[PDB]
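In: Here is the sequence, then the experimental structure:
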Amino acid sequence: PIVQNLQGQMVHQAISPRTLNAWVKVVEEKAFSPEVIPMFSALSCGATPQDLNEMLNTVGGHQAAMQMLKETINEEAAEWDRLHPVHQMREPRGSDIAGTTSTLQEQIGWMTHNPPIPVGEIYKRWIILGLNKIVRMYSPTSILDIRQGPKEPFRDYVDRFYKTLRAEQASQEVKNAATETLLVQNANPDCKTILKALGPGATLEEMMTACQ
Amino acid sequence: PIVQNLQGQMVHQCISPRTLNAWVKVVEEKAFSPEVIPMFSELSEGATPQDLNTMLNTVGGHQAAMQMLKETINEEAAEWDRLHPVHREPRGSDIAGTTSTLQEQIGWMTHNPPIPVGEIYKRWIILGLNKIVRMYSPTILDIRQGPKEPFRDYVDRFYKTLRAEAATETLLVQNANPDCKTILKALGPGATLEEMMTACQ
């Protein structure tokens, strides 16, 4: 990230071995589970593009996924160039934000300018866009296949439903009319009848309590 | 969280890897035991709404609970909007950090007078966590050791539940998880609690 030195100059603070190891381990242990995306974002708080590239490079497996990610990154960089024609410092182009044609010092200059040109945050946005695609792709189930079954508690079924909906779906804000109705429809008849009796506008709190 | 520069300016202090991991681990190990509430509040000291969202979003399992929490949050945001008509002032989703930027949140939180959006949002979150603790409250037959719950924490819950409600201790062993159960069974009958806890330490 960025830090200020004894001479007052803004300089790079190298990313920490604790952060690197935490990141490498999350990926080893959780692969492209949906919760890896918030985790990557938090671990990369205040990263320059160089730092972001450092983090992406430490992934050892998943080379197909990492290639797909490069593709998405190049697509966003091209869209940036399309929307930002080039006529303080010089203006960053797409590949500069992605850190492949920009120097660390230039990145620091952009990020710490007044007003700041947040190339670290812009690049992170592109990366998470690509990561989300991968999370979606690696989801092996369709919400539809999540049905309650025989002697599974309602709570466990809701757990699986929203876990799956976080995967085959981009992110965690889900909960449409569609999803509530699907949620009820895929419960077993006992619960379904209880929930239907609840009337529309039932909270998930009320739904879980009723079926407890 | 938030910190001031020597140049006077309020800036963001990134949430630490140690804090992030501690949170994720507490949830993995303790599920929705009541002591999750104090611990969350400690871990989130001085948090901006962005940080609070980071903490909630890094939770991977327990998606029923996390969905309920979103529901409670949206309810409090709507109640905020009901009591704070807008004529800048933060709206509900701004306090919940979904429609406000970090810089805006920092501005509100460090203004004079402060609009403590971090504290307001934390209040909503703990309200929702409390609902979950209440929901997952087992009333003794429904106290069974969790997958990755430390044995000590499980025994705490077991005797706390017995408190609210070889007889109970039989059930204690029976309701322990497979890994610990194997260890305890090998211990032989008449093992003291100290011995059991050391064994599964």
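Out: Thanks, I have the structure now. Residues are numbered from 1 along each chain as shown, chains lettered A, B, ... in the order given.
In: for the residue nearest to the spatial centre of chain A, what are its contacts?
Out: Closest to where the C-alpha atoms of chain A average out (C-alpha atoms, centre = their mean) is residue A:37, at 3.1 Å. Counting by C-beta atoms under 8 Å, 6 or more residues apart in numbering or on different chains, residue A:37 makes contact with A:128, A:131-132, A:135, A:171. For every residue, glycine as well, the C-beta is placed using N, CA and C.
In: and residue A:3, helix, strand or coil?
Out: Here residue A:3 is recorded as strand under DSSP: H, G, I helix; E, B strand; the rest coil.
In: Quick check: it vs chain B, distance?
Out: Residue A:3 sits 12 Å away from chain B, going by C-beta to the nearest C-beta, to the nearest Å.
In: partner residues bridging that residue?
Out: Per DSSP bridges, the residues bridged to residue A:3 are residue A:11.
In: wait, doesn't it sit right on residue A:13?
Out: Yes - Residue A:3 is in contact with residue A:13 according to C-beta atoms under 8 Å; the separation is 3.9 Å.
In: who has more neighbours, these two?
Out: residue A:13 (14 against 11; other C-beta atoms under 10 Å in any protein chain shown).
In: Now do the same contact list for the more buried one.
Out: Counting by C-beta under 8 Å, 6+ apart, residue A:13 touches A:1-3.
In: right, and out of these, which lies closest to residue A:115?
Out: Distance to residue A:115, by C-beta to C-beta, is smallest for residue A:2 among the contacts of residue A:13, at 15.5 Å.
In: measure that closest one to residue A:164 for me?
Out: Look at residue A:2 and residue A:164: by C-beta to C-beta, to the nearest Å, they are 39 Å apart.
In: quick one, which of the two is more surrounded?
Out: residue A:164 (21 against 16).
In: same for the one helix or strand that one maps to, what does it pack against?
Out: For residue A:164, the element it lies in under DSSP states H and E is helix A:154-167. For helix A:154-167, the packing partners by 3 or more C-beta pairs under 8 Å, 6 or more residues apart in numbering or on different chains; DSSP states H and E come out as helix A:119-138, helix A:177-185, helix A:204-210, helix B:63-83.
In: Need these in TSV (columns: distance to residue A:192).
Out: As requested, these are exported to TSV (distance: least, C-beta to C-beta, whole Å):
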stretch	distance to residue A:192
helix A:119-138	29
helix A:177-185	6
helix A:204-210	11
helix B:63-83	17
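In: circling back: list every C-alpha atom in the helix holding residue A:164, with coordinates, as CSV.
Out: The C-alpha trace of helix A:154-167 is given here as CSV (Å, rounded to 0.1, in the frame of the first residue of the first chain):
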residue,chain,number,x,y,z
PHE,A,154,-36.2,-26.2,7.8
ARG,A,155,-33.2,-24.2,9.1
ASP,A,156,-30.7,-26.5,7.4
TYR,A,157,-32.7,-26.2,4.1
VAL,A,158,-32.8,-22.4,4.3
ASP,A,159,-29.0,-22.6,4.9
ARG,A,160,-28.4,-24.6,1.8
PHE,A,161,-30.9,-22.5,-0.3
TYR,A,162,-29.2,-19.2,0.4
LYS,A,163,-25.7,-20.7,0.2
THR,A,164,-26.5,-21.9,-3.2
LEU,A,165,-28.3,-18.7,-4.2
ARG,A,166,-25.1,-16.9,-3.2
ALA,A,167,-23.1,-19.1,-5.7
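In: who's in contact with it?
Out: The contact list for helix A:154-167, computed with C-beta under 8 Å, 6+ apart, reads A:33-35, A:135-136, A:138-139, A:141-143, A:145-146, A:148-149, A:172, A:174, A:179, A:183, A:186-187, A:191, A:204, A:207-208, A:211-212, B:61-64, B:66-67.
In: Kindly report the same for stretch A:128-146.
Out: A:31-34, A:36-37, A:40-41, A:65, A:68-69, A:71-73, A:76, A:157, A:160-161, A:164-165, A:167-171, A:179, A:182, A:186.
In: Ok, stretch A:17-24 next?
Out: A:40, A:43, A:54-55, A:58-60, B:17-18, B:20-21.
In: Identify the farthest-apart pair in the residues you listed.
Out: Between any two of those (C-beta to C-beta), the greatest distance is 24.0 Å, for A:60 and B:18.
In: thinking again about what came up before, quick one: the helix holding residue A:164 to chain centroid distance?
Out: Centroid displacement of helix A:154-167 relative to its chain, using C-alpha atoms, centre = their mean, to the nearest Å, is 19 Å.
In: Contact partners for the closest residue in space to residue A:150 that isn't next to it in sequence?
Out: Using C-beta to C-beta, 6 or more residues apart in numbering or on different chains and skipping the chain neighbours, the partner closest in space to residue A:150 is residue A:188 (7.4 Å). Going by C-beta under 8 Å, 6+ apart, residue A:188 touches A:147-150.
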